[PDB]
Every structure is written in C-alpha cells, then in structure tokens.
Amino acid sequence: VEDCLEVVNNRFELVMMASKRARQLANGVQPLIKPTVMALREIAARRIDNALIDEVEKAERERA
Amino acid sequence: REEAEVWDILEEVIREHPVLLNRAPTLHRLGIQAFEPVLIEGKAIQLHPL
Amino acid sequence: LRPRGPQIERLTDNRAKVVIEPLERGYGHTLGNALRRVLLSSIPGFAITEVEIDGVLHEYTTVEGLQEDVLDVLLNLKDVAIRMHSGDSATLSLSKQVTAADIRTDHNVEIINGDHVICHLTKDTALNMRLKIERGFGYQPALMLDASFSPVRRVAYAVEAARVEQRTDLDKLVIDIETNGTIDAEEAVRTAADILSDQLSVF
Amino acid sequence: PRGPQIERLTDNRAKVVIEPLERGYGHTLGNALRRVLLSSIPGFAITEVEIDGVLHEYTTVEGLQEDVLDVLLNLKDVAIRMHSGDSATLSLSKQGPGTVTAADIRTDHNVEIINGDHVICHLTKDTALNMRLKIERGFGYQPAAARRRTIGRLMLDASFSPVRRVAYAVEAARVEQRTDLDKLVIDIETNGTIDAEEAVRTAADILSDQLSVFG
Amino acid sequence: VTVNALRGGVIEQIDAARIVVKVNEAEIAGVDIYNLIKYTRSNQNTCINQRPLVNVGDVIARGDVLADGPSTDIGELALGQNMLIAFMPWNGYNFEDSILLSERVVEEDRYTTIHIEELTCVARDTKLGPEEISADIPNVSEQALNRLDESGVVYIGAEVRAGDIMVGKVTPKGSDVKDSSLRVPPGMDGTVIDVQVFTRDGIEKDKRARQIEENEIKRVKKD
Amino acid sequence: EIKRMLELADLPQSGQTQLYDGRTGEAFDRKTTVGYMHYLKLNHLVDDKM
Amino acid sequence: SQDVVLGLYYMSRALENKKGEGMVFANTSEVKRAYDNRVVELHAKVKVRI
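Protein chains in written order, with the authors' numbering: chain A, 6 to 38, 46 to 76; chain B, 403 to 452; chain C, 9 to 105, 110 to 154, 170 to 230; chain D, 11 to 158, 165 to 231; chain E, 742 to 769, 775 to 920, 940 to 988; chain F, 1236 to 1285; chain G, 503 to 552.
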C-alpha cells in the first residue's frame, strides 16, 4: 500500500485500476510473480499498467 | 456440529481479508478504520492500544 | 509434551532466528528466560582486556601519529572476536610500518574475522601495540578496558501465540542470537542446554 | 555440585537447601523450579460424585444442614494420595446427629486421607447419607465443561494442586578457595499430598525431559 | 431479605429449608415456624436463596438473625470478595482502567454466580385444531427423545444443552404436523430445577401434572 | 491510627514493600503497595452483549 | 498513551551519582550486553559511541 503511492499520483485511480485487475483473476488468469495482495504486488512491481489491463480486457471480450 | 475442520477452514478463509471497526458514538472521520483480523479465544475483541 | 525442533533460520552470516514448536502454557516463557541468562553467564570465551600502547604512556587523551586518538583505537579493538585453544593466557603484539588480519599470527591464537579494521595509517608512521587475552565467563568492568567474555553479542526472546488444531492457545518461543563467529548458534544452544541439564541433574 | 538437604520445620511445609552454585545459576534455577512447581505437578483430586438420595445440586435434602452444593464445594479441600492407581471409587456412611468429617469415609488400602479432621457438613436428624465419589489424576487444571447420561450423577470441577506457594531467596555462602558462592533455599508449602524433596525431584525430572528438545 | 426471630427461645429442629423455634414462657402456646425460600427466580434473572447459620439447642433473643440471604453475612452486608492488589504497570495489560486476573481467582470458585432463566411454552387452539404435547414428534432422532418423558416434558434435574428439545409440541397444518417445540437458547447450559404446569379447568391432566399434584399434596401433608 | 495498626502486626510502617517479578524472577526498582481491596462483580456480562 | 510515556520518561532521565558511571562503551550492543546482567544502572552519565 506504501509502494503503490509512487507509481501513480491518484489513489482513487489506483483503487479503480486494482478493481479492474481483480475482475480478471476471479475468472482465471495466470499471475505475474488472495487476489488482492497479488494484484497489489503486481501493481507495485511496475508490471501492470493501464495498457496491459486494456489488452487483457480486449482479449477477454474477443475470446468470450 | 462443531468439528475440527471447520476451524481450519475458518482460519484459512480470512488471512488478508480486512474488516471494518466502528465505535457507535463517533465524532470525526477516524471513527471507522479497517484491520486484518486474527482468530483469538474468548468473547472480546482485542484492539491495539495506539 | 515434547515439541519438535529446533527450526533454525540463518539469514545473515552471524545471526540466526531459532523457532521452536509450541509447548504448554508456561514453559515457553521460562525456557527463553533461562536460555537468555545461561547463554551469557555460563558460556566461556576469550577477549582482550589489557592494551599497552607505546605512544600514549599514561593519559588516554593526548595522542599523535595516527588518524584518531587512542580511545578510538581502544573502542575499535575491544570488539574483535578471538577464538583460542586450551591455553590459558598469552601476550600478543603487532608492528605495522591497520587491519586486524595484519597482526602477528600464532599457532595458539587465531582471529575469526579479517575484514574489521581498527585504525588508518597516517604519513607512513610506524606504530606498535601490546595485547593480552584472558579467559573469563561474563562481563568484567574496569590501558584498562572492558572484556566481553560471552561469545554472543546480544540475545532476545519473544512469546508468540501459535494456533493448533485441538487446543485453544499455546506459546511459540523464538530466540534471536547474534553470534560473533567463534561458535555456531545451534552449537551454542546445544551447549547451553547441556550445561543446564548438567546443572539440573544434581537432584 | 552437592546433593540437596532438607529441614523439616513443619510436617506440612518443608524447605530444601541447594549449595554451591556458580554466579548466574541460582536466580534462574530458583525461578525455573518455581515455574515448574507452580505450572504442572501431577496430583489427585475429586471427580463426579454419585449421590444416593439427592437428584440434582439444587434440591433440599432432609437431615443435612443448610446447604447442598456447598458440601460439594467443601469436599474439594480433601487430600487424596494413591499408590499405583488412577481411578478409585470411595463411599461414606453416617447416621444420626453429629458432624461429618473427612476421616469418617471408607477408604481403600492404597488410598489414604490426609488431614481427615476437616469439616464437610452437619447432620441434625436421624438419616442416612451415601455419596459415591471418584478420584482421577492428571496435570494442570481442568474445568467441568472441558472434561465432559445419568441424571443422578453431578459434575464437579477438578482443581488439583499438591503445592500452594513456592518462594525462594538466595544468600552468600562461605567457601575458602573462591570469592563468593550462591547459596539458596526454597520454601515449599504442600497441601499434605507429596513430600517437598519428591516434589523437587519430579520438577527436576519434568524440566530435564523438557530440556531434551535440543540435545 | 433475611428472616428475624419474633420471639426468642430454643431452636428445637432445623433443616436446610425449615427452622423450628420454640417460644419461651416469658413472651408466650403455638410455636412459630419459618419457611426459608430456596433457589427461585428474581426480577433480574438472579438466583436468590436463604441459608441458616444457627445450630440446635441455641438460645436466641428477639430481633436476632437466623438465615442469611443472597450476598449476606452474619449480620453485616457483604457484596463481593477480597483479593490482592498491586498498583503496578504489568506489561501494558493494565492500559486504560484495565484489570488483570490470575488462575487462582477462577479455579477457587470465587466469582462464579448462578443465573436463573425462565422459558415458557403455551399451546392454544387455531382454526384447524388444538395443539397437543404428545411425544410422537416427527423428524426427531433418538439423541433428543431420550431426555423427554412419556408426557413430553423433560425430566427434573436433567442436563440440557444448547439447541435441545425440552417441551415437545406439535401443530397441525394439513399425520402431517409442524414442529413447534420449545428450543434452548444457544450458549446456555444447565440443569432443570423446577417444572410448573398450568392446566385449564375441564381438561384432563397428564402423568406429569398428576405427579406434580401428588408430590404437592404429599409435601403439604408432610408439613 | 492506621500507622499504629500497621505497626501492631508484622508489617512495614510505610505500607509499601518490594516484590520480585514472576516472569523473570529478578527484583524491581521501586516498592509497590500490596493490600486487600473489596471488589464486586457487575451485571454487565459478556454473554448478553456479543 | 499514559502507560508508554511514563516508562519512556523513567528510562530517558539521569541522576547525580549512580553505579556503573564514568566508563566508555563501544556501541549500543555493548550497552545491551552490560545492562541485562545488572553491572550498570539504568541511568548513568556515560560516554558512548554511536
């Protein structure tokens, strides 16, 4: 929760980004390295951004 | 029926799942906080002194 | 109820975290309370207590020919660990014209660490020193210094709650041991346990 | 080291003398011995009692004076010493007026009643009384709900403690070829169950088997 | 709360629930007899009782005490217990008006009180038919039918647990009846000390009511 | 009068003495007050609250 | 709070003359090794190196 303050400037954008990330791990997505701590670690590891989330969302909408 | 596997399931299901605590007379915005609960004995909620 | 142990977690080069399986309510505190005293008041060792500097004759304030004064040399020299053989006492000297590994070696006295330095040379000035090692058992207060004869540097213990599948709450004892390199932490734990068992075997 | 001696000031309270010990042994040894002696020492106590003419623990029994459940509360203060046994059934019988003491019960050959002059109840009418009780052993302390179909059997809490209070204090010894030795005594007040030296021996055996987790 | 002697004299007979006192010839022919109250329910679900303290052959005066009630002593008021007190901060447990205890407070039966809880179960008549207290209860195993008697009422002095069945009662809905038995509240256990049955006039009594009636007439004939 | 009652028995005059700890067995630095205080149990139980 | 700051005020003060004063220590580990065996006082005017 302390490492994620440096990668993004808005806390509510971080909450919405982790909420958009949490909707994918429930249906089954292989992780990077509870889904909340794993999503926060994937955010704080500087690996998951707004483009990759949109890419996985487009892949889920195309493979639905 | 209170078997022994029920307590194992209960200890496994809440590890990093936060709850909300709130005193019923509240004045300022810090009256509602969140903690990660642990399973203790008794019938009383243990709280940090700070 | 005898537990299973000791689970050792060695994260550093000379620091360990001994974790013991939980016991009955009452034994996990007195075990650590007896261990933290028998690891210091019973374990013997070797330390330097007498320092004779040819530069500073009587006073420990006036010094020259080095980077710092003689009290900094004494404070840097009173922390090095020395593992010795069955000999009781010996006199050691040095002559550098300084790293602790640059001392005059001997077949009876060896030093564990060689990276810890004590001084720095200034204008290539030759300096000498005379040391003395005495075998003790505890901590002795006061050319006169203090000698920590205990092989461990600092101990710590804590009682954490361990949840089991049948009882309500038990005591999990953890031990923090930061040794000085002359003895393993598990070997020191086994030696303290054997000494405590020999002291309790009088009845 | 030297074997411990013992002085007998009173038959219910003795004291042991341990000498000599090096610097740093006496305080931790006395603290560990007090902790083991006050933590878990195995003894005997009372268990569930089967009373003949009393249904449950809140009725009014004829002839017996002024209480029902307080007789069961005062029956816990007796001392039970058994030799090679862990389960024994006892029963008492008394008729007519007069008090009921602990020595008026029918004991076994190995079961011996210590300080049997303790009062239990009082009988004011010509009636009979037969209370069949059991004796179990263990360690620590167990309440009535943690241990446990007949409605005539009543439960009772088992709180066995062969010692009441253990105190110790160190002093200075006198040995010529040294400078100071730590001499200490240990005050042990037992409730007539076990001897103080045998309690020290059992506590040392318990601590020796507890210190075997490293070696 | 405590009984007092109206006329002093010699205590002839005494029991756990009855005190017989003989009136002397000074303040005198009919002697007085006292009936001490046993464990009954108070207004705040607290058990009250009166235990006597005098013995046989004692000579008392007018105005003295004979039995101490709940939280009562030999003639002074006594609310609780005396314990050891050491004013010291002990490891942060006594943080802000907090109290630390010991094992010997619990194991010596010091602060364990007795609470009496009352449970009722009525049986009225609906538009279909009246409800009975019969023992043939459907969807009930033998783990709870052993405590019930033939009349449907649990035995006196029987240990009951949380969630068991004490008073059996069925309700017809339409052979096919609905379970409406009185259940124990959870977390509460204990023995059943008294069972009181209130029947209506014109209705035949069962075996439990007849047993209560014969015990009542035997006790009143005894006194 | 309370000082005379304390001096009449085998008790110290100031009413406060030193006592050894039970966790470690060592002594303390300041003497504490030891005595007997009458207590009472309230009706605010924990079974009817949680 | 009321329990922590009292111990922190008792720990972080000094007096005139106590036992174990006037000596020079090496670091914090030497202080922790010399405090537990009761060879120095809890508060004494010493010269340490940090």
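Each residue gets a CB set at the ideal place from its N, CA and C atoms; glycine is no exception.
_Helix, strand or coil, according to DSSP, for residue 86 of chain C in the structure here?_
Coil at residue 86 of chain C, not helix or strand.
*Applying a beta-carbon distance threshold of less than 8 Å, which residues of chain F neighbour residue 446 of chain B?*
Counting only Cβ-Cβ distances below 8 Å, residue 446 of chain B has contacts in chain F at 1281, 1285, in chain order.
*Starting from residue 50 of chain A and walking both ways along the alpha helix (DSSP H), at which residues does that stretch end?*
Run containing residue 50 of chain A: 47-56, per the alpha helix (DSSP H) assignment.
*Are at least three pairs of beta-carbons, each pair with one atom in the region 803-816 of chain E and one in the region 878-887 of chain E, less than 8 Å apart?*
These segments do not touch.
*To which residues of the same chain is residue 915 of chain E closer than 8 Å at the C-beta, ignoring the five residues directly before and after it?*
For residue 915 of chain E, where only same-chain residues beyond five positions count, the Cβ hits under 8 Å are 867, 869, 877, 878, 879, 898, 945, 946, 947.
*Please say whether residue 951 of chain E and residue 76 of chain D have beta carbons closer to each other than 7 Å?*
The answer is no: Cβ separation not under 7 Å.
*Any beta-carbon of chain B closer than 7 Å to the one on residue 198 of chain C?*
The beta carbon of residue 198 of chain C sits no closer than 7 Å to any beta carbon of chain B.
*Might you give, ordered along the chain, the residues of its own chain that have their beta carbon closer than 8 Å to the beta carbon of residue 188 of chain C, omitting 5 neighbours on each side?*
Result list for residue 188 of chain C: 196, 197, 198, 199, in chain order.
*Confirm, please, whether the CB-CB distance from residue 150 of chain D to residue 228 of chain D is below 7 Å.*
With respect to residue 150 of chain D, residue 228 of chain D sits apart: the two C-beta atoms are not nearer than 7 Å.
*Residue range of the beta strand (DSSP E) that residue 422 of chain B falls in?*
Start and end: 421-424.
*residue 223 of chain D lies in the alpha helix (DSSP H); which residues open and close that run?*
Counting along the chain, the unbroken alpha helix (DSSP H) around residue 223 of chain D starts and ends at 212-226.
*Are the C-beta of residue 86 of chain C and some C-beta of chain G separated by less than 7 Å?*
Look at residue 86 of chain C: its C-beta is under 7 Å from a C-beta on chain G.
*Residues from the region 407-434 of chain B in contact with chain A, defined by Cβ distance under 8 Å*: Residues of the region 407-434 of chain B with a Cβ closer than 8 Å to any Cβ of chain A, in chain order: 417, 418, 419.
*At which residues does the beta strand (DSSP E) containing residue 37 of chain C begin and terminate?*
DSSP places residue 37 of chain C in no beta strand (DSSP E) but in the uninterrupted alpha helix (DSSP H) bounded by 35-49.
_Neighbourhood of residue 140 of chain C by C-beta, 6 Å cutoff - its chain only, sequence neighbours within 5 removed_ = Within the same chain, and ignoring the five residues on either side of residue 140 of chain C in sequence, the residues whose Cβ sits closer than 6 Å to its Cβ are 62, 103.
_Which residues in chain C have a C-beta closer than 9 Å to the C-beta of residue 443 of chain B? List them in chain order._
Within chain C, the residues near residue 443 of chain B are 195, 196.
*Residues bridged to residue 549 of chain G by DSSP?*
Residue 549 of chain G has G:526 as its beta-bridge partners, per DSSP.
_Segment contact flag, the region 82-95 of chain D with the region 114-132 of chain D, C-beta cutoff 8 Å, min 3 pairs_ = Three or more pairs of CB atoms, one per stretch, sit closer than 8 Å, so the region 82-95 of chain D contacts the region 114-132 of chain D.
*For residue 857 of chain E, go through chain F and note every residue whose CB falls closer than 9 Å to its CB, in chain order.*
Proximity of chain F to residue 857 of chain E at the Cβ level (cut-off 9 Å) is accounted for by 1274, 1276, in chain order.
*Around the C-beta of residue 970 of chain E, are 16 or more other C-beta atoms found within 10 angstroms, so that it is buried, or is it exposed?*
Exposed, since its Cβ has fewer than 16 Cβ neighbours within 10 Å.
*asked:* Checking 7 Å against the spacing of the C-beta atoms, do residue 424 of chain B and residue 416 of chain B come in under that value?
replied: The answer is no: Cβ separation not under 7 Å.
*Smallest Cα separation from residue 22 of chain A: which of A:38, A:36, A:55?*
Out of A:38, A:36, A:55, A:55 has the C-alpha closest to the C-alpha of residue 22 of chain A.
_For residue 176 of chain D, the three-state DSSP class (helix, strand or coil)_ = Residue 176 of chain D: coil per DSSP, three-state reduction.
*Give the residues of chain C in contact with residue 473 of chain G, contact being defined as C-beta atoms less than 7 Å apart.*
This structure leaves residue 473 of chain G out entirely; chain G is present only between 503 and 552.
*Taking all protein chains shown into account, decide if residue 985 of chain E is buried (16 or more other Cβ within 10 angstroms of its Cβ) or exposed.*
Around the beta carbon of residue 985 of chain E, fewer than 16 other beta carbons lie within 10 angstroms, which makes this residue exposed.
*Apply the 10 Å Cβ neighbour rule to residue 173 of chain C and answer buried if 16 or more other Cβ atoms are within range, or exposed otherwise.*
Per the 10 Å Cβ criterion, buried.
*Taking the CB atoms as reference points, tell me whether residue 116 of chain D and residue 101 of chain D lie closer together than 7 Å.*
At a Cβ-Cβ threshold of 7 Å, residue 116 of chain D and residue 101 of chain D count as neighbours.
*Do you know offhand how far residue 847 of chain E's Cα is from residue 222 of chain D's?*
Cα to Cα, the separation comes out at about 27 Å.
_So, at 6 Å on beta carbons, what are the nonlocal neighbours of residue 58 of chain C in its own chain, with the 5 sequence-adjacent residues on each side left out?_
Answer for residue 58 of chain C: 144, listed in chain order.
*asked:* In whole angstroms, give me the CA-to-CA distance for residue 917 of chain E and residue 974 of chain E.
replied: Annotation: residue 917 of chain E to residue 974 of chain E spans about 21 Å, alpha carbon to alpha carbon.
*Can you check whether the CB of residue 746 of chain E is closer than 7 Å to the CB of residue 782 of chain E?*
Judged by beta-carbon spacing, residue 746 of chain E lies beyond the 7 Å limit of residue 782 of chain E, meaning their Cβ atoms are not closer than that value.
_Those residues which DSSP pairs with residue 876 of chain E across a bridge_ = Residue 876 of chain E is bridged to E:871.
*For residue 190 of chain C, go through chain B and note every residue whose CB falls closer than 8 Å to its CB, in chain order.*
Chain-order list of chain B residues neighbouring residue 190 of chain C: 413, 441, by C-beta distance under 8 Å.
*Since residue 202 of chain C and residue 71 of chain C are thought to touch, with beta carbons under 8 Å apart, how far apart are those beta carbons, to the nearest angstrom?*
The pair is not a contact, with the Cβ atoms about 42 Å apart (cut-off 8 Å).
*asked:* Give me the residue from D:109, D:208, D:111, D:33 with the minimum Cα distance to residue 180 of chain D.
replied: For the residues D:109, D:208, D:111, D:33, the minimum Cα distance to residue 180 of chain D belongs to D:208.
*Just tell me which of E:919, E:902, E:794 has its CA closest to the CA of residue 784 of chain E.*
Considering only alpha carbons, the answer is E:794.
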